[PDB]
Amino acid sequence: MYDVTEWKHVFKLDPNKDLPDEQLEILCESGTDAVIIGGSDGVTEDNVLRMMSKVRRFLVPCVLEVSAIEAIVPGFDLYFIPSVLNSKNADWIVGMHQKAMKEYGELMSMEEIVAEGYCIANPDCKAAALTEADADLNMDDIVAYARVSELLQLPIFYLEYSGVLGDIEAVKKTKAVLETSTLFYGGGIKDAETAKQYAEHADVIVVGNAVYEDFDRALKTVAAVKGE
Amino acid sequence: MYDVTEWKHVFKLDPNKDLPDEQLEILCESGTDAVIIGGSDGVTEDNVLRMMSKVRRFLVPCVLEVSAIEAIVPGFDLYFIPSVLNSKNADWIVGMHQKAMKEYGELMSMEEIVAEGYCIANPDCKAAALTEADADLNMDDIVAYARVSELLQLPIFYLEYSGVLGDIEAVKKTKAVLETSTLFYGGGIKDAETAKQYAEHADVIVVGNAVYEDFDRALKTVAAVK
Ligand SMILES: CC(C)=CCC/C(C)=C/CC/C(C)=C/CSP(=O)(O)OP(=O)(O)O
Ligand SMILES: [Cl-]
Ligand SMILES: [Cl-]
Ligand SMILES: [Mg+2]
Ligand SMILES: [Mg+2]
């Protein structure tokens with residue numbers, strides 16, 4: 001019953017960090033379309049489990065973006081499973097996913113799962129290092145990864161720039177080739193202005209790091225794209 | 001595009017070989033559901049080209065299985081682009097797709113393309129060495145590759161054993177977990193009896209090099225199954 005093609009904004013929270021309960025509550029009731037519990041690396045099941053319990057009470061859909069088999073926790077409304085399409089190591093595309101299925105096939109069949117075709121386009125971030133992504137891409141390299149996602153009919157193509165604003169032109173061209181995939185963009189969105197700019201091309205903008213750096217400023221990204 | 005969920009039998013041909021006399025024609029007129037142009041130890045644009053000119057004239061859908069970017073040729077009803085799910089080389093999982101999209105994006109848009117999830121389950125064959133496949137798999141491994149296939153939305157999961165018959169129990173168990181894709185089985189089918197046996201679990205049986213070894217016998221695999 002969760003339709004990402006109707007979404008416009010999502011906050012991505014890092015279970016490795018701590019947020020005041022007051023802020024976590026404010027983010028869940030902010031009007032964002034989803035609260036995603038992310039991770040990238042070093043995540044632990046206990047932090048994920050505490051966060052699940054803290055966000056589940058709210059009406060907003062809570063999503064667990066799976067980044068480690070040890071950190072799959074029941075209780076979330078949805079599960080996003082990333083596949084790093086430009087990874088140079090099969091583990092981040094399919095390998096870890098096969099081990100998870102082998103180990104938790106049953107737990108996996110009982111949840112709503114959505115695969116995300118990730119394209120990590122910032123060569124200098126923790127995510128690119130970890131996943132051995134060939135992240136130094138020209139725009140047509142990115143557009144081609146988007147075409148690959150559209151061909152596999154991955155519900156989500158996520159252009160990931162991490163802590164930097166990505167080339168807006170690459171967001172506009174990616175969007176132009178996606179006909180079924182929902183385009184998620186994440187990267188340097190810290191306020192109303194940037195939020196509004198990227199929301200012009202992405203189907204969904206992801207605001208994450210900013211919540212920890214300047215909370216009040218990051219909160220305005222919601223009204224910035226859903227407001228009057 | 002042609003609907004593979006209705007198929008039951010397909011012959012897969014090696015564009016590097018040629019059938020004698022009118023055998024290609026009898027095969028394309030046999031009742032099989034599709035003729036797939038494949039090939040091992042790589043293919044060349046020339047053989048594929050020549051094969052395409054031969055099979056496009058018939059009603060049976062003709063499919064090019066794209067195992068090499070350099071051998072793509074326009075003119076087929078369908079193009080299957082494999083992802084070797086158990087490959088250790090990302091180039092066989094997503095790289096081929098990305099190259100085709102980057103180098104032949106406009107050709108890709110004008111053709112009907114189907115992404116197939118491949119699982120090479122025979123560790124002792126050309127395909128496995130060529131794709132660096134982790135092919136010494138137990139049954140629960142295969143079952144898990146099939147789940148990944150569907151997670152990735154692939155319309156086809158192709159369980160490949162090449163030159164030999166695969167464990168019939170593996171076929172039955174993979175058919176059991178696939179809730180939304182079509183199960184292709186390939187591997188050592190050379191006659192009516194074995195084709196019938198694997199057709200009990202697989203959605204589509206692929207009969208390949210048996211057509212060069214014993215044509216009359218491979219031809220009976222169509223009726224055995226349909
Ligand atoms: C275990 C399993 C079933 C599949 C493996 C899942 C995979 C491929 C995970 C890697 C996904 C990553 C690095 C996501 C970025 S979170 P982010 O956007 O917050 O970036 P950051 O944490 O700041 O590095
Ligand atoms: Cl843990
Ligand atoms: Cl005909
Ligand atoms: Mg809730
Ligand atoms: Mg024809």
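Tabulated results
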| read-out | value |
| --- | --- |
| All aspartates and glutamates inside 16 Å of A:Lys17 as judged from Cα atoms, apart from same-chain residues fewer than 8 positions distant | A:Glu25, A:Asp41, A:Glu45, A:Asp46, A:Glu65, A:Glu213, A:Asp214 |
| Which listed pairs, of A:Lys54/A:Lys173; B:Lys175/B:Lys220; B:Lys8/B:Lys88; A:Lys175/B:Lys99; A:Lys175/A:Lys226, have C-alpha distances above 26 Å, in listed order | A:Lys54/A:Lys173; B:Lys8/B:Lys88 |
| For the protein assembly as shown, the fraction of alpha-carbon pairs in successive 20 Å shells from zero, as % | 25, 51, 21, 3, 0 |
| Antiparallel %, DSSP beta bridges [both residues in chain A], to 5 | 5 percent |
| Cβ-placed point charges (K, R +1; D, E -1), dipole of chain A about Cα centre in debye, nearest 20 | 140 debye |
| Shielding score for B:81-94, defined as the mean number of other chain Cβ atoms within 10 Å | 5 |
| CD proxy at 222 nm, helix term only [per DSSP H run n ≥ 4: -39500 (n - 2.57); per residue of chain A; nearest 500] | -11000 deg cm²/dmol |
| For the range A:67-117: rounded, prolate or oblate by the Cα gyration tensor [a/c cutoff 1.5] | prolate |
| Inter-part distance where the range A:111-138 and the range B:183-219 are each reduced to a Cα centre, Å | 41 Å |
| For B:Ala192, net neighbour charge (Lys/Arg +1, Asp/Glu -1) across residues whose Cβ lies under 13 Å away | +1 |
| Charge dipole magnitude, Cβ of K and R +1, D and E -1 - the protein assembly as shown, Cα centre, debye nearest 20 | 360 debye |
| Sequence-separation-based contact order of chain A, relative, with Cα cut under 8 Å and 6+ spacing, percent | 18 percent |
| Averaged over B:109-118, number of beta-carbon atoms from partner chains that fall within 10 Å | 1 |
| Surrounding net charge for A:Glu112, when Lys and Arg each add one and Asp and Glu each subtract one, Cβ distance under 12 Å | -3 |
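A short reminder: the numbers here are calculations on the coordinates, not readings from a lab. Heads up, the Cβs are rebuilt from the backbone with ideal geometry, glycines too, and the neighbour counts pull from every protein chain shown.
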